[PDB]
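A quick write-up on the structure given underneath.
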Number of protein chains: 4
Amino acid sequence: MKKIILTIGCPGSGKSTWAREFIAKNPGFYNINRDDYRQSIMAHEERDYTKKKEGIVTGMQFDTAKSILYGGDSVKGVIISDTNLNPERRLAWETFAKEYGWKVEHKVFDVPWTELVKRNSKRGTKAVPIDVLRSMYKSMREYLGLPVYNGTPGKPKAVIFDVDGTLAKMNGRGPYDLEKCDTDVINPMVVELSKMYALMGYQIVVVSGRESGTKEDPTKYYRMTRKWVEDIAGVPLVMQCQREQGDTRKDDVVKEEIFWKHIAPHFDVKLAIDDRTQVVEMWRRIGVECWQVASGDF
Amino acid sequence: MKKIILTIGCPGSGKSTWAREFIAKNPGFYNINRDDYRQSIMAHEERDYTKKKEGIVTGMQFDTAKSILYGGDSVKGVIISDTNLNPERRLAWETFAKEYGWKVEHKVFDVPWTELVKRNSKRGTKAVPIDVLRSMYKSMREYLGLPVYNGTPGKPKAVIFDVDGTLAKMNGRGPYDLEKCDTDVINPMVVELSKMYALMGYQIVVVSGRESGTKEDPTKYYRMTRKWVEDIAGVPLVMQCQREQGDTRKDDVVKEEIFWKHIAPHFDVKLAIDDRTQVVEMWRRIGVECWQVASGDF
Amino acid sequence: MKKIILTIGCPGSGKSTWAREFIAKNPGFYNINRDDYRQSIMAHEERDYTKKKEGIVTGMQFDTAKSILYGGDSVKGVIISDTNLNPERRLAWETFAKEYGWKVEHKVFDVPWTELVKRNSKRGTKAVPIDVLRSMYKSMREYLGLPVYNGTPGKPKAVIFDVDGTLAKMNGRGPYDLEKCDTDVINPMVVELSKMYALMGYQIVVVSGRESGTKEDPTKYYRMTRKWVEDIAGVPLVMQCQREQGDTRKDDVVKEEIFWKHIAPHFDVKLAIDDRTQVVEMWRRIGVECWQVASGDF
Amino acid sequence: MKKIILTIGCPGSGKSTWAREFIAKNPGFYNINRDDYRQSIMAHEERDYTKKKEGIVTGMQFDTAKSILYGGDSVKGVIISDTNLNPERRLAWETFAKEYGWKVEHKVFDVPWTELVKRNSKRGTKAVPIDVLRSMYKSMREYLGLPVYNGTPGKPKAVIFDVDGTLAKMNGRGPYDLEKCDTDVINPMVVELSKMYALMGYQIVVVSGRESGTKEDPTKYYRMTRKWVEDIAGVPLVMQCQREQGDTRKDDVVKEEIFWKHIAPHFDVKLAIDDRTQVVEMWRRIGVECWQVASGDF
Ligand SMILES: Nc1ncnc2c1ncn2[C@@H]1O[C@H](COP(=O)(O)OP(=O)(O)O)[C@@H](O)[C@H]1O
Ligand SMILES: Nc1ncnc2c1ncn2[C@@H]1O[C@H](COP(=O)(O)OP(=O)(O)O)[C@@H](O)[C@H]1O
Ligand SMILES: Nc1ncnc2c1ncn2[C@@H]1O[C@H](COP(=O)(O)OP(=O)(O)O)[C@@H](O)[C@H]1O
Ligand SMILES: Nc1ncnc2c1ncn2[C@@H]1O[C@H](COP(=O)(O)OP(=O)(O)O)[C@@H](O)[C@H]1O
């Protein structure tokens, strides 16, 4: 059968680039894009929203697929290089292909949020607002079937606190120089908050993206951080999780893995306090309310 | 009735700009472009030619017109912002509109050749080869019903010779400084050519884009040029035509007007010898064989 | 004297555009840009940081100013179209101009933060990271001599809470439809927070960008909001400030004016809880620690 | 010593690309470009000519070279990525480097005229007018020390005539289908011209870019062409030169090689008649007056 290839991915994920390259290497494939169409019927009005226009672009897409997909044995298929993140539209393509006898394949472009943001900020006039991008990424996560937290019944309620930038600031050292992280001063209001919650009966769970330690001393930083939280901040934590030694992945990935493995099953986490934008974005995205206490664009 | 507006014009004539502006001012109008389509189905392969692809783009255009033109009383019409310089395709749009009951209007963008070339050279990746541009302009002229020469029966055969850059060069003066045009030296081979033709029985007609003269002396330059051709070159001309005093139009326009009014009806012109690119382009375009004797890109 | 015009403004404020336009209208003025230089010596390496390179660009700038500023009576001056937000560099230009006898003028481009961000997100490859942009804006504010809060001694400590998106969410209405703002449901954790602080002895000050009311009923929304906070949330507030009726300025401006006039002189504000990104950015920028409780990119 | 690398090449020859790549691979090298400077002092006025501005850019270049070239052992050299096609300016760089003790190297980018034109037509806003490009190429040829014809004393005078498009047109075949080149019809006026010159005593030399023949019959086309010229056109030629079988180079190169080897030493060639633009450009460039008899943009 002729293929109908739907690209699935948030804007800037590489869908168009792939489409061009693929067509350049496999004769018999054509591209259909709601976007070449959207810009076209408007004579290229800057992207800076009608149900009718969208109805036109939709008609263009299917009518164009039918015509192309009926060429001779020369035509192999069509690529629908849109985000295709709306489930109903994806279904519409499959039921369309079933009645005309064509097969539907998916070409996924799962790019990390941090890469999506980075690329999007350079997209120029094709850049998309952060809120629609975050919305696209949420749909992408639902497509991949990634987990969303909804509480842990029968478990004590808890608040998650990060260390760097949240409970602590930094008294003249420098990001990634943990050897002197014992000099960090307290962020008064946040430190105070953690004590307030404890009094309210919440379990205080501390998390940190600081590497636990070095190759020869795997918990060097985990220990200093623990002493700092105990002796300097005075935070009555029930648990302290931290990036494992050697682990070079993004705080992003590291903290979520830590969450599902070590926190979610033991606590009914009601809140997370953090400062790094990519982490704060991770928390809210997986279902955990998150309060950002300072600028964290790094 | 709903309108189907066909833009008629060579590339770079302003068709897209107008289309955007018009849609921005008149809600209910949509744009259809073989080109948004051509680039789209190929995932934007650089423009640097199949009868099948063109068949697809064509289908897209009509199918898209039908759908749009059938919206409610909200839709006023569609703009077909292509060159639409191929007569058969223009007819195809009119017979298409007649059977579905829509009206066809034309929005012409007649830009002068010299402006087309100028703009095209800056078009970047959308620039078109000079030969296809010259071809587009020829079709545009046929659309406008502009005249093409095919000889003048019963009249003596003649060769047209230009002066500046052709019969004469320039001995240290400067373009537009006719006050010293009497110092020009002969272009030997070309001067010799004119005498050769005379011997062959051709009438030698001299033409010049040099203003005839000044406001107080309207033939100052016409006279010097005539003396130069007689005494210095020794060209046995039967007629000498020249740009009228005060006339500020392009050599382009000036020489063709001169041709139809004063030459075409009295001579069977078989050839024209010239050096300025825009003039040489004019000659060939209206049906007169033209030999360019030197670089004339000014 | 010849002028040395320093443009003062964060990237994207219009410095280059103005410079081009000004030179186009006033012959005798030349442009010097650390940036044409930075890109140039590197053969245009993508902007994606050496003290030596910067030393070169600096030398280029002054050496180029000296040469230009010494032309004849034809030269009027030079424009230094950089951000010029670093005070020491600004001083360096003035002491440079004093010893050579030239005058220094400033051309300020004070664009609102929200406009800077908006423009920056479309800047493409010239876009600047949000953290350096926020840093530029902080220096711009210091240039303008705008106020920075540092506490109010002798006054009771307080926490500022916003309503929309912070204490309340929204149960099926829509932004700007205050007529049904009485249906908003509580944001449990945040509502709880306000009570926690009260117990700790902090004064709870509520702020809202919701227009107080309509032309015929100037406190319609102020009253509903007040009842909602009292009866539904149960927030023990000491004061409630809100956007005045008719006022169409940005929440940005509105809340800061409200802060200086009605809050700062009566309270020692230690914290602000809010959700809208532009407001959260305003709080931190003027010296008030701010916790963002949810995505607020609208 | 520190190096001063001058790039030598017409615009579009790859000078900037090379410069970026080289700097990216060899730390210690900086780029100086009259052009980053020209655009910069004018706040980027579209390129669409003062002796003073040029004086400023010049000062910027040398002053910037001195400063850079005096860094520590870290600096290796500077690249002057301009065309550097003006001999006096090249000399100025060498005498500048001699007095300060630096060495001057050249990095040449000799791109074929046809490639220069091709690239230039796509250059967009950086495209250069054809006449300045042709001027740049002439200087490049003088730099390379390429030959320029100035006549052959003691030898009979001759006119060179091309076949395809000049003496012959084409009666329904197609470029590169020589198997049916025997069907070409005469271009009357041009054929007549060749006879006129013969009567005047000129030697008629015929040249053709048509491959002489095939691998199994190396003169198949040379013979048909010769018969066509003899029996159909009636051209009294003294010599017939033609592209050798197997030779795949551009007509460009092929005809000039043919000229120097077989024509220049036996004839005092006074004129060449041709129709292909790249060939016509070759003729004039090497010193031979050339008349283009029809559009030859292919
Ligand atoms: N692997 C990559 N690394 C760096 N940049 C990339 C990569 N892939 C794509 N980009 C850039 O991101 C932007 C997204 O382009 P595009 O292919 O059209 O994505 P999409 O069609 O999914 O919106 C482009 O400017 C592109 O050059
Ligand atoms: N009146 C004008 N003066 C100068 N430039 C123009 C003018 N009109 C159009 N152009 C330029 O010429 C190019 C042709 O653009 P476009 O509008 O798309 O023409 P077309 O659709 O006919 O090919 C554009 O880069 C445009 O900016
Ligand atoms: N008043 C304005 N309205 C909308 N966009 C603007 C305005 N002024 C400038 N811009 C855009 O913002 C970007 C900033 O350009 P630029 O003039 O170089 O600023 P700067 O030199 O201060 O960094 C440009 O892309 C420009 O077109
Ligand atoms: N080898 C090549 N093949 C195709 N295009 C090229 C090549 N080299 C350069 N170009 C293109 O030609 C233009 C000339 O660019 P540039 O490097 O700045 O040349 P120059 O500095 O000599 O004027 C560019 O748009 C470039 O991408």
Distance in nm between C:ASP177 and D:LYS220 label points, each 7 Å along Cα→Cβ, equals 8.0
Exposure-ranked with fewest Cβ neighbours within 10 Å first, D:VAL238, B:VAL190, D:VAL57 stand as D:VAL238, D:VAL57, B:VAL190
Two pseudo-spin positions, 7 Å from Cα along C-beta at A:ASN26 and at C:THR114, lie apart in nanometres by 4.7
So, relative contact order of the stretch A:180-298 in percent, Cα under 8 Å, 6 or more apart, is 21
Percent antiparallel among DSSP beta bridges confined to the protein assembly as shown, rounded to 5, stands at 5
CD proxy, 222 nm, chain C: helix-only mean residue ellipticity via -39,500 (n - 2.57) per DSSP H run with n ≥ 4, per residue, nearest 500, stands at -11500 deg cm²/dmol
With the label point 7 Å along the Cα-to-beta-carbon line of C:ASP297 and a cut-off under 19 Å to each amide N, the hits in the stretch A:43-65 are A:47-48
If labels are modelled 7 Å from Cα along the Cβ direction, B:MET196 lies from its partners in the other copies at nm distances, smallest first, of 0.6, 10.1, 10.1
If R0 = 22 Å, then B:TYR100 and B:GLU54, at their Cβ-Cβ distance, give a FRET efficiency to the nearest 0.05 of 0.45
The distance between the Cα centres of the stretch C:211-284 and the stretch D:237-298, in whole Å, is 84
With the label set 7 Å along Cα→Cβ, A:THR125 is separated from its counterparts in the other copies, in nm and shortest first, by 1.2, 1.3, 1.6
Here FRET efficiency (C-beta to C-beta, D:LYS169 to D:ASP35, R₀ 60 Å, nearest 0.05) is 0.85
Assertion target for B:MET136, B:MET282, C:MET170, ordered by fewest C-beta neighbours within 10 angstrom first, is C:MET170, B:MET136, B:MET282
In chain A the DSSP beta bridges are antiparallel at a rate, in percent to nearest 5, of 5
Between the alpha carbon centres of the stretch A:61-79 and the stretch C:127-175 the gap in Å comes to 54
For the stretch A:184-298, shape from the Cα gyration tensor axes a ≥ b ≥ c, cut at a/c of 1.5 then a/b versus b/c, turns out rounded
Neighbour-count ranking for C:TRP291, C:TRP228, D:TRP260 (other C-beta within 10 angstrom, fewest to most) reads D:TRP260, C:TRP228, C:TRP291
Quick calc: nm separation of the 7 Å Cα→Cβ label points for D:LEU91 and A:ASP231 -> 7.8
With a 24 Å threshold on alpha-carbon distance, the violating pairs from A:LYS2/A:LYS126; B:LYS138/B:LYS261; D:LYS25/D:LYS76; D:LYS15/D:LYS126 are A:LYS2/A:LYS126
Computed on Cα atoms only, the convex hull of the stretch A:2-146 has an orientation-averaged projected area in nm² of 9.2
Note on the stretch D:138-245: contact order normalised by length, alpha-carbon pairs under 8 Å, 6 or more apart, percent, works out to 27
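The numbers here are math on the coordinates, done by the rules we state, and not lab data. Don't worry about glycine lacking a Cβ; one is built from the backbone with ideal geometry, like all the others, and counts go over all protein chains shown.
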